[PDB]
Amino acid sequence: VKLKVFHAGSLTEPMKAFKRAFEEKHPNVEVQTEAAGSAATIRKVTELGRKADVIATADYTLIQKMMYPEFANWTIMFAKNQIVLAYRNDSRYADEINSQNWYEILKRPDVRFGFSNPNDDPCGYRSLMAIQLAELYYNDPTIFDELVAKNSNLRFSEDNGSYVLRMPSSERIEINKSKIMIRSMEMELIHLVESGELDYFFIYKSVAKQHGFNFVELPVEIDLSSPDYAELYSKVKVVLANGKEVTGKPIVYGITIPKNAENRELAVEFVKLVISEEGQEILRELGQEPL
């Protein structure tokens, strides 16, 4: 039996461990995993005609938003994460950057950075959310302006302390290639930093640690990690090109079994593994703390 599991890119390393654990208990099963940004992952089912047994996203709310009621009808929340700014030892100004000067380093004309496509990937909208929340935290209304809006056609508008970014369609996104690179999913940015095409990238802390990158921790007030800062996070919103609206929220992953799953019984057992104490420990060892 082939169990089809489509998941957020940031779940790639945990999914290797889940596959191994599951196949140990179920010798007649091959877990077939595919990584993509969580919205692109869900569109495999909602637009590209695929059948999946398990969908796992980096933002639990996308399952309800994009799949209910025709393709799914429940979601289980699991795991947390945190946005950081990652780099290599050889990245320009690596020896200088810290939590106080990070946005000044990124503004330098000889520094290149990346983030993923918000239309496809929660890490991408969360990265833009964090940079805009920085304007509030540092009381500096030029950070998003100078890093992103002047280097793209991505812009937040402001009203009484709340901010909204309306995404262009993915084909209409424009980026200044001398400063920024984007990819559909955050995991693709790893290759660009490893090749030297980027100095820095916005990424989850878990992935930075898994892949051995250095990173700067961003303030808890902007990095979407903590339930205790939900009221600050909620001051930013991104309207994705498909019209779905995502608000800044503490990062919480989600899992479901689609209505068209072919292997429902085994899918139930796989979901049980992910959310079990064993699954929580797999995730914790790989850098994602439990709810």
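One rule holds for the numbers: they count along the sequence shown, beginning at 1.
As the entry records it, the average C-alpha temperature factor is higher for 70-78, out of 70-78 and 182-190. Look at the mean CA B-factor for 151-159 and for 217-225 in the entry; the higher one is 151-159. For the set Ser99, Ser127, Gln210, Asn176, the PDB entry puts the maximum C-alpha B factor at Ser99. The PDB entry gives the largest Cα B-factor of the residues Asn117, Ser169, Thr142, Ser206 to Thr142. The PDB entry assigns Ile105 a C-alpha temperature factor belonging to the middle third of its chain's modelled residues. In the PDB entry, a CA B factor belonging to the lowest third of its chain's modelled residues is recorded for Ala40. Remark: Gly279 belongs to the highest third of its chain, ranked by C-alpha B-factor as recorded. In the deposited entry, the Cα temperature factor of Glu265 places it in the highest third of its chain's modelled residues.
In the PDB entry, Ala8 places in the lowest third of its chain by CA B-factor.
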